[PDB]
Amino acid sequence: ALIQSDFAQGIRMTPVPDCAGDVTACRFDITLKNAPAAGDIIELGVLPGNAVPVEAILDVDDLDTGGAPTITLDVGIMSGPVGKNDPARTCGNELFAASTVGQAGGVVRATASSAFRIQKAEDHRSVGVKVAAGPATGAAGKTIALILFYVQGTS
Amino acid sequence: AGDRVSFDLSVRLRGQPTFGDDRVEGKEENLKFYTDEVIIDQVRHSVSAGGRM
Amino acid sequence: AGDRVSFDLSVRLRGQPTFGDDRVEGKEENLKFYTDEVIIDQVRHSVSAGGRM
């Protein structure tokens, strides 16, 4: 039930700033070979150590097919080490609180007051969307993306 | 003194090279080290030789 | 200073030789070549040794 994007297995590395206060962003994306289904934890991006999110656009394609869509995505700081490939991973909703995007291919920004206040840890953490509510009948190969304006060396 | 010794593996570098003149500073692959541990306990056994009878 | 190399192939000579004492001043074959190009580019990649902690 783990979808390890290229940014978590180590195939594609993530940029880390070489200064303090210098924002950094990278388009963490997937090409979902299968179709999203309830319970999937799409490990898409990693947030480097000593960095905190500052602003986050979540950009996804059209993940529904029929009328009255109900797919909901929540984004959180996943607990386990990077690229563990273990179903025991928990995920969360620190970044996005069950965003309604996915019913139509669109762009959403971090509208929560908890996305901008995230503590830092000296070890890499993986940022992964989870399909909280199951999608309406119908889906296909689409690209879920999440750019993550994080900054290193805060206080 | 110890009851546990840990030894590490340094896995290969897997990543994408930056073709052309794309800037590479700041996109630096992190060395991944994997850990393992072995633990030591005693293993004893005893045999008996009967009595004086 | 160059971005692409273009080497050449000298294909064999073919034609009909002139037997006997027939004059030969215009029946001259031409040297035909073939060309292929290779384009160079830059690749590089970097690894971070870590912090001082």
# chains A, B, ... in the order shown; residues from 1 in each chain; ligands from 1
>>> calpha_fit_rmsd(fixed="chain B", moving="chain C")
1.9 Å
>>> residues_around(residues="residue 31 (chain C)", least_positions_apart="2", cutoff="9 Å", atoms="only C-alpha atoms", output="list in words")
residues 10, 11, 12, 13, 29 and 33 of chain C
>>> select_by_dssp(residues="chain C", states="strand (DSSP E)", output="number ranges by chain")
C: 4-10, 33-39, 47-48
>>> write_last_selection(atoms="C-alpha atoms", output="PDB file, in the first residue's frame")
ATOM      1  CA  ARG C   4      30.691  18.416 -32.215  1.00  0.00           C
ATOM      2  CA  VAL C   5      33.122  16.230 -34.164  1.00  0.00           C
ATOM      3  CA  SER C   6      32.549  15.174 -37.782  1.00  0.00           C
ATOM      4  CA  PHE C   7      34.776  12.318 -38.965  1.00  0.00           C
ATOM      5  CA  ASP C   8      34.837  10.736 -42.408  1.00  0.00           C
ATOM      6  CA  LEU C   9      34.806   7.356 -44.146  1.00  0.00           C
ATOM      7  CA  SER C  10      36.716   6.795 -47.391  1.00  0.00           C
ATOM      8  CA  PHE C  33      33.324  10.158 -48.697  1.00  0.00           C
ATOM      9  CA  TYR C  34      30.715   9.663 -45.995  1.00  0.00           C
ATOM     10  CA  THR C  35      30.293  11.714 -42.827  1.00  0.00           C
ATOM     11  CA  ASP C  36      28.985  11.176 -39.316  1.00  0.00           C
ATOM     12  CA  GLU C  37      28.834  13.560 -36.366  1.00  0.00           C
ATOM     13  CA  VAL C  38      29.080  13.122 -32.594  1.00  0.00           C
ATOM     14  CA  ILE C  39      27.811  15.786 -30.185  1.00  0.00           C
ATOM     15  CA  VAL C  47      27.799  13.845  -3.003  1.00  0.00           C
ATOM     16  CA  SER C  48      27.623  15.625   0.359  1.00  0.00           C
TER      17      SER C  48
END
>>> interface_residues(of="chain A", to="chain C", cutoff="12 Å", atoms="only C-alpha atoms", output="PDB file with N, CA and C atoms, in the first residue's frame")
ATOM      1  N   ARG A  12      15.850  10.186  -7.466  1.00  0.00           N
ATOM      2  CA  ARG A  12      15.971  11.622  -7.665  1.00  0.00           C
ATOM      3  C   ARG A  12      16.160  12.300  -6.318  1.00  0.00           C
ATOM      4  N   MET A  13      17.246  13.053  -6.183  1.00  0.00           N
ATOM      5  CA  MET A  13      17.544  13.721  -4.929  1.00  0.00           C
ATOM      6  C   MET A  13      16.851  15.078  -4.865  1.00  0.00           C
ATOM      7  N   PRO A  15      16.736  19.197  -3.420  1.00  0.00           N
ATOM      8  CA  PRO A  15      17.651  20.307  -3.150  1.00  0.00           C
ATOM      9  C   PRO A  15      17.579  20.765  -1.709  1.00  0.00           C
ATOM     10  N   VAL A  16      18.731  21.078  -1.126  1.00  0.00           N
ATOM     11  CA  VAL A  16      18.826  21.598   0.230  1.00  0.00           C
ATOM     12  C   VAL A  16      19.600  22.908   0.170  1.00  0.00           C
ATOM     13  N   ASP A  18      22.043  26.120   0.821  1.00  0.00           N
ATOM     14  CA  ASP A  18      23.393  26.256   1.351  1.00  0.00           C
ATOM     15  C   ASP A  18      23.541  27.508   2.206  1.00  0.00           C
ATOM     16  N   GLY A  49      16.543  17.494   6.610  1.00  0.00           N
ATOM     17  CA  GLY A  49      16.649  17.789   8.025  1.00  0.00           C
ATOM     18  C   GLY A  49      16.943  19.253   8.283  1.00  0.00           C
ATOM     19  N   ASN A  50      16.546  19.709   9.470  1.00  0.00           N
ATOM     20  CA  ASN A  50      16.702  21.093   9.907  1.00  0.00           C
ATOM     21  C   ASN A  50      15.957  22.072   9.010  1.00  0.00           C
ATOM     22  N   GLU A 122      16.645  16.732  13.094  1.00  0.00           N
ATOM     23  CA  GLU A 122      17.920  16.626  12.388  1.00  0.00           C
ATOM     24  C   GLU A 122      17.974  15.473  11.416  1.00  0.00           C
ATOM     25  N   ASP A 123      16.912  14.706  11.201  1.00  0.00           N
ATOM     26  CA  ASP A 123      16.948  13.582  10.278  1.00  0.00           C
ATOM     27  C   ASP A 123      15.902  13.788   9.197  1.00  0.00           C
TER      28      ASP A 123
END
>>> closest_atom_pairs(of="chain C", to="chain B", cutoff="8 Å", atoms="only C-alpha atoms", output="tab-separated table")
residue	atom	partner	partner_atom	distance
C:41	CA	B:20	CA	6.0
C:42	CA	B:20	CA	5.2
C:43	CA	B:19	CA	4.7
C:44	CA	B:17	CA	5.7
C:45	CA	B:17	CA	5.3
C:46	CA	B:28	CA	4.9
C:47	CA	B:28	CA	4.8
C:48	CA	B:28	CA	5.6
C:49	CA	B:31	CA	7.4
C:50	CA	B:30	CA	7.8
>>> write_last_selection(atoms="C-alpha atoms", output="PDB file, in the first residue's frame")
ATOM      1  CA  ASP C  41      27.835  17.456 -23.625  1.00  0.00           C
ATOM      2  CA  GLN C  42      28.461  17.727 -19.897  1.00  0.00           C
ATOM      3  CA  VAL C  43      27.402  15.392 -17.100  1.00  0.00           C
ATOM      4  CA  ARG C  44      28.240  15.652 -13.423  1.00  0.00           C
ATOM      5  CA  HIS C  45      26.936  14.651 -10.023  1.00  0.00           C
ATOM      6  CA  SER C  46      27.789  15.471  -6.432  1.00  0.00           C
ATOM      7  CA  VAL C  47      27.799  13.845  -3.003  1.00  0.00           C
ATOM      8  CA  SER C  48      27.623  15.625   0.359  1.00  0.00           C
ATOM      9  CA  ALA C  49      30.031  14.391   3.020  1.00  0.00           C
ATOM     10  CA  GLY C  50      27.723  15.770   5.700  1.00  0.00           C
TER      11      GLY C  50
END
>>> residues_around(residues="region 96-104 of chain A", least_positions_apart="5", cutoff="6 Å", atoms="only C-alpha atoms", output="mmCIF file with N, CA and C atoms, in the first residue's frame")
data_model
loop_
_atom_site.group_PDB
_atom_site.id
_atom_site.type_symbol
_atom_site.label_atom_id
_atom_site.label_comp_id
_atom_site.auth_asym_id
_atom_site.auth_seq_id
_atom_site.Cartn_x
_atom_site.Cartn_y
_atom_site.Cartn_z
ATOM 1 N N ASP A 62 -6.756 15.460 -12.629
ATOM 2 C CA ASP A 62 -8.153 15.102 -12.401
ATOM 3 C C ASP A 62 -8.199 13.643 -11.962
ATOM 4 N N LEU A 63 -8.401 13.414 -10.664
ATOM 5 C CA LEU A 63 -8.366 12.067 -10.113
ATOM 6 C C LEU A 63 -9.725 11.379 -10.081
ATOM 7 N N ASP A 64 -10.804 12.073 -10.422
ATOM 8 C CA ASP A 64 -12.112 11.439 -10.466
ATOM 9 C C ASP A 64 -12.499 11.109 -11.905
ATOM 10 N N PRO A 69 -17.855 13.534 -7.058
ATOM 11 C CA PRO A 69 -16.597 12.947 -6.593
ATOM 12 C C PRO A 69 -16.385 13.197 -5.110
ATOM 13 N N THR A 72 -10.431 12.624 -1.269
ATOM 14 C CA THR A 72 -9.836 13.630 -0.401
ATOM 15 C C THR A 72 -8.396 13.242 -0.106
ATOM 16 N N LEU A 73 -7.493 14.212 -0.190
ATOM 17 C CA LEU A 73 -6.078 13.998 0.069
ATOM 18 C C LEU A 73 -5.666 14.785 1.302
ATOM 19 N N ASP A 74 -4.892 14.156 2.179
ATOM 20 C CA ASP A 74 -4.270 14.841 3.300
ATOM 21 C C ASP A 74 -2.769 14.597 3.268
ATOM 22 N N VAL A 75 -2.003 15.627 3.611
ATOM 23 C CA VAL A 75 -0.552 15.609 3.504
ATOM 24 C C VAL A 75 0.033 15.803 4.893
#
>>> residues_around(residues="residue 126 (chain A)", least_positions_apart="5", cutoff="12 Å", atoms="only C-alpha atoms", output="number ranges by chain")
A: 4-5, 7-10, 14, 28, 41-49, 75-85, 89-92, 121, 148
>>> atom_distance(atom1="CA of residue 60 (chain A)", atom2="CA of residue 105 (chain A)")
5.7 Å
>>> decode(residues="region 9-43 of chain B", atoms="N, CA and C atoms", output="JSON list (two decimals), in the first residue's frame")
[["chain", "number", "residue", "atom", "x", "y", "z"],
["B", 9, "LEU", "N", 27.04, -0.92, 6.20],
["B", 9, "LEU", "CA", 27.23, -1.04, 4.76],
["B", 9, "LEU", "C", 26.98, 0.31, 4.11],
["B", 10, "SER", "N", 27.85, 0.69, 3.18],
["B", 10, "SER", "CA", 27.71, 1.92, 2.41],
["B", 10, "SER", "C", 27.18, 1.55, 1.03],
["B", 11, "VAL", "N", 25.88, 1.78, 0.82],
["B", 11, "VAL", "CA", 25.27, 1.40, -0.45],
["B", 11, "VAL", "C", 25.75, 2.34, -1.55],
["B", 12, "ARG", "N", 25.64, 1.86, -2.79],
["B", 12, "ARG", "CA", 26.09, 2.61, -3.95],
["B", 12, "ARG", "C", 25.34, 3.93, -4.09],
["B", 13, "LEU", "N", 25.87, 4.79, -4.96],
["B", 13, "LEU", "CA", 25.23, 6.06, -5.29],
["B", 13, "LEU", "C", 24.24, 5.82, -6.42],
["B", 14, "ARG", "N", 22.96, 6.02, -6.13],
["B", 14, "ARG", "CA", 21.91, 5.95, -7.13],
["B", 14, "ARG", "C", 21.30, 7.34, -7.26],
["B", 15, "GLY", "N", 21.24, 7.85, -8.48],
["B", 15, "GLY", "CA", 20.74, 9.20, -8.67],
["B", 15, "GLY", "C", 20.69, 9.53, -10.14],
["B", 16, "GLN", "N", 20.36, 10.77, -10.41],
["B", 16, "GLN", "CA", 20.29, 11.21, -11.79],
["B", 16, "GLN", "C", 21.36, 12.24, -12.06],
["B", 17, "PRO", "N", 22.22, 12.02, -13.05],
["B", 17, "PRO", "CA", 23.19, 13.05, -13.42],
["B", 17, "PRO", "C", 22.49, 14.25, -14.02],
["B", 18, "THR", "N", 23.12, 15.41, -13.88],
["B", 18, "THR", "CA", 22.57, 16.67, -14.38],
["B", 18, "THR", "C", 23.21, 16.96, -15.74],
["B", 19, "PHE", "N", 22.51, 16.59, -16.81],
["B", 19, "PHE", "CA", 23.02, 16.82, -18.15],
["B", 19, "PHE", "C", 23.01, 18.30, -18.49],
["B", 20, "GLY", "N", 23.79, 18.66, -19.50],
["B", 20, "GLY", "CA", 23.81, 20.04, -19.93],
["B", 20, "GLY", "C", 24.45, 20.95, -18.90],
["B", 21, "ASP", "N", 23.97, 22.19, -18.86],
["B", 21, "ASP", "CA", 24.47, 23.20, -17.94],
["B", 21, "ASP", "C", 23.55, 23.42, -16.75],
["B", 22, "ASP", "N", 22.67, 22.47, -16.46],
["B", 22, "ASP", "CA", 21.81, 22.58, -15.29],
["B", 22, "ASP", "C", 22.67, 22.65, -14.03],
["B", 23, "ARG", "N", 22.28, 23.53, -13.11],
["B", 23, "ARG", "CA", 23.08, 23.75, -11.91],
["B", 23, "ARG", "C", 22.93, 22.57, -10.96],
["B", 24, "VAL", "N", 24.06, 22.11, -10.43],
["B", 24, "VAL", "CA", 24.07, 20.91, -9.60],
["B", 24, "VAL", "C", 24.34, 21.22, -8.13],
["B", 25, "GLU", "N", 24.96, 22.35, -7.81],
["B", 25, "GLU", "CA", 25.19, 22.69, -6.42],
["B", 25, "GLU", "C", 23.86, 22.78, -5.68],
["B", 26, "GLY", "N", 23.79, 22.11, -4.53],
["B", 26, "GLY", "CA", 22.56, 22.00, -3.79],
["B", 26, "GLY", "C", 21.77, 20.74, -4.05],
["B", 27, "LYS", "N", 22.01, 20.06, -5.17],
["B", 27, "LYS", "CA", 21.42, 18.76, -5.45],
["B", 27, "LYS", "C", 22.53, 17.73, -5.29],
["B", 28, "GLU", "N", 22.75, 17.31, -4.05],
["B", 28, "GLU", "CA", 23.86, 16.42, -3.72],
["B", 28, "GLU", "C", 23.31, 15.18, -3.05],
["B", 29, "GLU", "N", 23.58, 14.02, -3.64],
["B", 29, "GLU", "CA", 23.10, 12.76, -3.09],
["B", 29, "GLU", "C", 23.71, 12.53, -1.72],
["B", 30, "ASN", "N", 22.89, 12.07, -0.78],
["B", 30, "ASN", "CA", 23.36, 11.78, 0.57],
["B", 30, "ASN", "C", 23.84, 10.34, 0.64],
["B", 31, "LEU", "N", 24.99, 10.13, 1.26],
["B", 31, "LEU", "CA", 25.49, 8.78, 1.47],
["B", 31, "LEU", "C", 24.57, 8.03, 2.42],
["B", 32, "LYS", "N", 24.05, 6.90, 1.96],
["B", 32, "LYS", "CA", 23.15, 6.09, 2.77],
["B", 32, "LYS", "C", 23.96, 4.98, 3.43],
["B", 33, "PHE", "N", 23.94, 4.95, 4.76],
["B", 33, "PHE", "CA", 24.58, 3.90, 5.53],
["B", 33, "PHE", "C", 23.51, 3.02, 6.15],
["B", 34, "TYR", "N", 23.69, 1.71, 6.04],
["B", 34, "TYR", "CA", 22.77, 0.74, 6.61],
["B", 34, "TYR", "C", 23.44, 0.04, 7.78],
["B", 35, "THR", "N", 22.66, -0.24, 8.82],
["B", 35, "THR", "CA", 23.19, -0.71, 10.09],
["B", 35, "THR", "C", 22.73, -2.13, 10.37],
["B", 36, "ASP", "N", 23.52, -2.84, 11.16],
["B", 36, "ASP", "CA", 23.19, -4.18, 11.63],
["B", 36, "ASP", "C", 23.90, -4.41, 12.94],
["B", 37, "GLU", "N", 23.38, -5.34, 13.74],
["B", 37, "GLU", "CA", 23.91, -5.59, 15.07],
["B", 37, "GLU", "C", 23.83, -7.07, 15.41],
["B", 38, "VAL", "N", 24.82, -7.56, 16.14],
["B", 38, "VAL", "CA", 24.83, -8.93, 16.64],
["B", 38, "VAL", "C", 25.07, -8.89, 18.14],
["B", 39, "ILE", "N", 24.39, -9.76, 18.86],
["B", 39, "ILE", "CA", 24.39, -9.73, 20.32],
["B", 39, "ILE", "C", 24.99, -11.03, 20.84],
["B", 40, "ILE", "N", 25.67, -10.93, 21.98],
["B", 40, "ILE", "CA", 26.45, -12.03, 22.54],
["B", 40, "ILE", "C", 25.83, -12.45, 23.86],
["B", 41, "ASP", "N", 25.57, -13.75, 24.01],
["B", 41, "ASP", "CA", 25.20, -14.36, 25.28],
["B", 41, "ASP", "C", 25.98, -15.65, 25.47],
["B", 42, "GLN", "N", 26.06, -16.07, 26.73],
["B", 42, "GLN", "CA", 26.74, -17.31, 27.07],
["B", 42, "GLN", "C", 25.92, -18.51, 26.62],
["B", 43, "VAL", "N", 26.62, -19.61, 26.33],
["B", 43, "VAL", "CA", 26.00, -20.89, 26.03],
["B", 43, "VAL", "C", 26.81, -21.95, 26.77]]
